[PDB]
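K.L.:
please work out how this folds:
(chains A, B, C, D, E, F, G, H, I, J, K, L and M)
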Amino acid sequence: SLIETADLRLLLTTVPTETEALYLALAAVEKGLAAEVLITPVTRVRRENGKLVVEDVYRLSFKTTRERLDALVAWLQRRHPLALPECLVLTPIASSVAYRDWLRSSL
Amino acid sequence: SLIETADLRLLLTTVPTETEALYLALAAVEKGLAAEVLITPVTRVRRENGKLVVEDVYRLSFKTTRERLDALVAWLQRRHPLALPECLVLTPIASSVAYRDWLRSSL
Amino acid sequence: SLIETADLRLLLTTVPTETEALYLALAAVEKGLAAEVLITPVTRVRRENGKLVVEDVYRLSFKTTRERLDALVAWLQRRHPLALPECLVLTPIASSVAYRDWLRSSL
Amino acid sequence: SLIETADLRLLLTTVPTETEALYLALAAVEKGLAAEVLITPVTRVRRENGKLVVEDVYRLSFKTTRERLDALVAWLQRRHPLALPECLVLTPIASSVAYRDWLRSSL
Amino acid sequence: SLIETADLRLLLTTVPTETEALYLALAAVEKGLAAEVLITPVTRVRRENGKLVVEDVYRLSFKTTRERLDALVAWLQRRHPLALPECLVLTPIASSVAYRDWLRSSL
Amino acid sequence: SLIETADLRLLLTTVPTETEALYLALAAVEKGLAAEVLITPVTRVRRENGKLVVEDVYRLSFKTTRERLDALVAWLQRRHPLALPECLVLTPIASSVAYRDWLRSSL
Amino acid sequence: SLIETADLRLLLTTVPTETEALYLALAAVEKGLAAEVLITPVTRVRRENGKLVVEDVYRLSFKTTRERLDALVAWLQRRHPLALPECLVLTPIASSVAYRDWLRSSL
Amino acid sequence: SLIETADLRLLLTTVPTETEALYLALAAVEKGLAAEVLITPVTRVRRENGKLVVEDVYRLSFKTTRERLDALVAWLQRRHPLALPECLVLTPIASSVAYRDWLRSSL
Amino acid sequence: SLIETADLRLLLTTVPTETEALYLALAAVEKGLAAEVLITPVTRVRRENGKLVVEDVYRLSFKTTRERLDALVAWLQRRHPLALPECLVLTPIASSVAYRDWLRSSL
Amino acid sequence: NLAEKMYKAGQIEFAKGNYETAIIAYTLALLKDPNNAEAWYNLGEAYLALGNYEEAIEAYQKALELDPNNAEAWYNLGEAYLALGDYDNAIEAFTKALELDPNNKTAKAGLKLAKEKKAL
Amino acid sequence: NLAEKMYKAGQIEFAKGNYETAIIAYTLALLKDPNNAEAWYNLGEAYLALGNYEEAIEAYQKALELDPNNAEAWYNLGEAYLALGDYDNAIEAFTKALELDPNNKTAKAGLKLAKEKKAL
Amino acid sequence: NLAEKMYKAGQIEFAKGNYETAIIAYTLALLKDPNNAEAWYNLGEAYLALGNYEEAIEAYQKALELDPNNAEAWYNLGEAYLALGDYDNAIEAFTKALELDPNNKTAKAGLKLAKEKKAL
Amino acid sequence: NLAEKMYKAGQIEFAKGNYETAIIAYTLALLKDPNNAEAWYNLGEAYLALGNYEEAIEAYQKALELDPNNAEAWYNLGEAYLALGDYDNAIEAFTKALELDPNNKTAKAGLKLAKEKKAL
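P.N.:
Numbers count the residues shown, from 1 in each chain, chains lettered A, B, ... in the order given. Pasting the structure now:
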């Protein structure tokens, strides 16, 4: 059954390569920084050095809790390949009881 | 034009196979449980039985209303292939008037 | 370091073709309507003219600010290929200081 | 561990006799109206028909949830020996997780 | 039927002797300071002059309204046998309409 | 004079025997876990192993502060005779200045 | 130690002469209108009768409580030398316990 | 009589010289940027280029409204002698009706 | 440009002598307790031992942040010449971005 | 007997800020015993706190007739005169207050202010 | 010199509720002077407040070896034994605490509870 | 005796996220018994979680000297080398970790990332 | 090796406002190498920030024995003496600090305050 939550976080970031995406996902999950990571190959359009660039990057989505979010973010910036990395945090407003219990117990 | 909404929901879940993803999407849309479903092939990293697993799953995103969210969630858990399924609910804070009207009228 | 924000927006929409998705992404970024766009190929299931349709569309995600969101939305509806386009706005609750500064300075 | 709750209720009432107090306690517990009842022999001082009365009554305390409180109260007034019965509802602000789970599961 | 209230108070205090407890109860009720008083013989454990003491005291509970609470408290401290008396005020969140009317009309 | 407080707590629990009730009261008071404890012999009606039981237990009421409540609760569960103990926390909304000062200074 | 307060006020006003400033300070303190007054010689620039004026006035700052602020303000306007006097009220958000007790006890 | 206000502002800044302080005060008052300015000679202690400095500066206090505060602040930074100027804004919570009317009518 | 702040504090206190005022200002600034101190010679009128006193004291104003306010206050009371010292904390509601950054970076 | 109860009642109502009820209580006390100097002085104090300076003056002079050695009555009489703009009587009242109580800085400051306001 | 600073540091951290940091400070103090009875007793108190009853017992016996005339150490040793369910040693510890401090009601109540729990 | 109490204290403080206090506890444990491989490995883990990669490396090599058959120490040593940009030692460390634990995907992924970063 | 890790740990905990944990870390560092002047000075700084002025004084004198050319230690020693009311030693300490660092206004102001407080 659904329960309203405020202690779940979704950290979104993008990395250039698949091998780096896989490593960052596995490393973050194993040390309890993130419970689960999803890797999506996207296409990114932005302005780099004043010039438009269209690149094939990989998008990562870490599922964490509000308690372990700061630890994960600090680890990510220390290890993110890019000098300025994306860090966007969404918060699900609800989740199933079993999944929320599984999420917290994995961190 | 944009209008602030609080009666739109986005249910996110992942299923192992594409055929199951397509069936769950079509079945949910046809009985008015969800207005629209998007299926994205992702890569999932998590801890299964204490061991890290990297698997190619498919991510589903159901667009519903707060009134039909509980009915969709109950249907999903009854029919989800996994014993413990993902159920994350995001809420868009705004939407276009025409799209919001089309969303409600499809449920 | 993380800072709580309320002036960042994520506009989600889907377009039928990749060439149109790439053009809308590049056009929106270049005129400062959106700081960054991500294009994901998804599969969309919905009811069109009372009949279920399963189609391969492309999902766009524009990263903007609350100040430039209305300008981007107005531009999009004027130029969206579909007669009734999707327009969903998510709001990240937090972001890194450097990324937030880079986001605002690109619009 | 303590968790803040708002769905626990404590209904306080007094009955004249011990046999009636025991019966009302057992009857309320058995039909899931109340999870647990405590009976304390007190001395009650109040104004009855304009004259002060000092009487030995028994105080009852029903532990319920906010969902089953109305059902218990309605049952009590139908069966309370006094024409005008005491009905005071206190709300604990916190409780242990195990006790709260045991409380809800007993109604 | 239950109605949410905020104008009912429960003043809790303890006195050493039963005769003093009975007198304080009768005196408070007769001058409309308190509508109803309950006297419970308890055992009190606390630190007196740096030494632990276990004593048999009597606990009093005055049922009043928020309007007459200050008058009752002032009377009590003037007449309480102890130099430093207990004064704890609980507030029922709900009560039956008939009992609430009887409570107010008795002060 | 009365002052509105939010840093006072009342922890309610029941133990089977008087000797255990006296020991838990004295032990909690002496190590500053609780400022004052009251022991009331009550009668408890509840469902144990699916069967109704009417037993003579003793009710304890610890007066603490919100700062020392977690320490007292943790101590109690470690030492409570029952496998699943009662833990209900009430909060007085007001108290006399002298008593509140005496309460805080005893923890 | 610091405590958050809302019952302290700082009334700021300016008078032309030092002798009047000293008298208003002493008079206000002696009748418990203000606990403490500070007199600072400032230079005031404003528009008087449509013409700019630069004058050497004295600034007064009365430390009071919210209860005695209205009495002090009424006294000041009755006795202020100027036909239209300055009356600005600042509120400190915190103060030391000893100073706050000394402030209240002086009015 | 006192009235609670939220449209009055006090901008505090310091300038090195008296002649500059007088000019900034007169200039700000004459163009309706500030209704009234007070100049106090203070002593400022701060860290300049990593070394402690004790200097005799002049403190300015502009009385404005929330509507004209942004115009005054923008003018000040354009004309402030220091490269990095002090800009602190206090808000009086109350003022006399006549003074508040005189303040607004002077801007 | 102005930004609304809540993490800036202004601690006001008075000391009898100028040499003590200068020392307390320099000492507080050098150990990062306060970013900047202003010393104003005022005249203080208050009741000392039941008798009115008019004295020439010096007023100090420390500019700090809410994080370092408690450390500064504790240091001040340990070192304040008076047995009962003034401690009033005002909070600016806004400040320029550059000044706020300079304030935080100096503590 | 009843005069003292009313005089104490007026003092209690004055302490709580109820100046009008204090005036009623003091006036009642003054019917029993019109020769109560303390009641006359306290009645003037309630009037002065209310802003009525003509009645406050009248009460203070009555209190001084029954007791001319009251420094507080002399100084408070001067304050009432100051609030009325009458500086000649304010100087006389403040001077007499300083004769009785030389180390009164409020009276001393008031004398300086009265003299200066007279000069202008 | 440095032992006393660490012992006082542990006491300060214990008073604030930082039991784990208190344990580190007390342990540090016990390297300088392992024969500090007060440090051993206070270390056991921090362990007992943490819920660790085996280590609390070990510390209390060490404190009693250096100072067997500590009633508080004997009683607190009995409390640790009670929380472990070992009632024979709880009775012995509580009895010794009552020999040193006959008018200790917490030890007296604990002795009664230990005997009753042993009987059942 | 006291070494094990400090080692357990460091583990408790690490689990709560108190890495700096964990470092103090582990360091204290390493004075009693400098040949504790588990203490050396856990000290490096606390340093690595803090972001200090040079000290984390030093601790990991010490742990491997006393116990070279630790796959987790070898892999975590490689992670520290990766965060420092030193890819030659990261490859060597990750390769050794895979010799001890072939079915470790985090080490396998790290080896691939280290080789690719070396190529560019 | 381990001394430097503990000294850096104390500095980190001092920067975050954790003075008590900083004292534990500095004390630990002083067992390895009791002749570390910087550790002694920093330990006194943590004590001084805590309000303990007798221990802060003791640490500062130890730091000056190993390094008498520390102007900051001399001035901070004077500040500790000032907070204790001992003005003769405050003057001596502040004077020595000004010999090492003539352009130190905090020491110069402290010398003036110490002399004035001595005169009264």
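K.L.:
residue A:61 in helix, strand or coil?
P.N.:
At residue A:61 the chain is in strand, as set by DSSP: H, G, I helix; E, B strand; the rest coil.
K.L.:
could you pull out the helices in chain A for me?
P.N.:
Along chain A, counting by DSSP state H, helices occupy A:18-30, A:69-79, A:97-105.
K.L.:
what helices or strands is the shortest one leaning on?
P.N.:
Using 3 or more CB pairs under 8 Å, 6 or more residues apart in numbering or on different chains; DSSP states H and E as the contact criterion, the neighbours of helix A:97-105 among helices and strands are strand A:51-65. C-beta: built from backbone N, CA, C; applies to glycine.
K.L.:
roughly how far out does the strand it packs on sit from the chain middle?
P.N.:
9 Å (CA atoms, centre = their mean, to the nearest Å).
K.L.:
which elements pack onto it?
P.N.:
Using 3+ CB pairs under 8 Å, 6+ apart: strand A:51-65 touches strand A:8-15, helix A:18-30, strand A:36-48, helix A:97-105, helix C:18-30.
K.L.:
what lines up beside that strand in the sheet?
P.N.:
Within its sheet, strand A:51-65 is paired with strand A:8-15 (antiparallel), strand A:36-48 (antiparallel), according to DSSP bridges.
K.L.:
show me the one of those strands that comes nearest residue B:3.
P.N.:
Proximity to residue B:3, assessed across the strands paired with strand A:51-65 by CB to CB, is greatest for strand A:8-15 (24.9 Å).
K.L.:
just the strands paired with strand A:51-65: most buried one?
P.N.:
strand A:8-15 (a mean of 22; mean count of other CB atoms under 10 Å in any protein chain shown).
K.L.:
buried residues, stretch J:9-22. List them.
P.N.:
Within stretch J:9-22, the residues scored as buried using 16 or more other CB atoms under 10 Å in any protein chain shown are J:9, J:10, J:11, J:13, J:14, J:19, J:21, J:22.
K.L.:
centre of the chain to the helix or strand the second one falls within, how far?
P.N.:
Taking DSSP states H and E as the criterion, residue J:10 maps to helix J:2-15. Distance of helix J:2-15 from its chain centroid, counting by CA atoms, centre = their mean, is 17 Å.
K.L.:
now for that helix, which elements pack on it?
P.N.:
helix J:19-32, helix J:37-50.
K.L.:
what's the most distant pair in the buried residues of stretch J:9-22?
P.N.:
Maximum distance among the buried residues of stretch J:9-22 (CB to CB): 13.5 Å, for J:9 and J:19.
K.L.:
tabulate the helices and strands packed on strand A:51-65 (a markdown table), appending distance to residue B:58.
P.N.:
Output for the helices and strands packed on strand A:51-65, formatted as a markdown table (distance: least, CB to CB, whole Å):
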| stretch | distance to residue B:58 |
| --- | --- |
| strand A:8-15 | 18 |
| helix A:18-30 | 17 |
| strand A:36-48 | 11 |
| helix A:97-105 | 17 |
| helix C:18-30 | 20 |
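K.L.:
OK, contacts around the one residue in chain A that gets nearest to chain H?
P.N.:
With CB to the nearest CB as the measure, residue A:84 is the residue of chain A nearest to chain H, at 26.3 Å. Listed by CB atoms under 8 Å, 6 or more residues apart in numbering or on different chains, the contact set of residue A:84 reads C:98, C:99, C:102.
K.L.:
same thing but 6 Å
P.N.:
residue C:98 (CB atoms under 6 Å, 6 or more residues apart in numbering or on different chains).
K.L.:
against residue C:103, how distant is it?
P.N.:
Here the criterion is CB to CB, to the nearest Å. By it, residue A:84 lies 11 Å from residue C:103.
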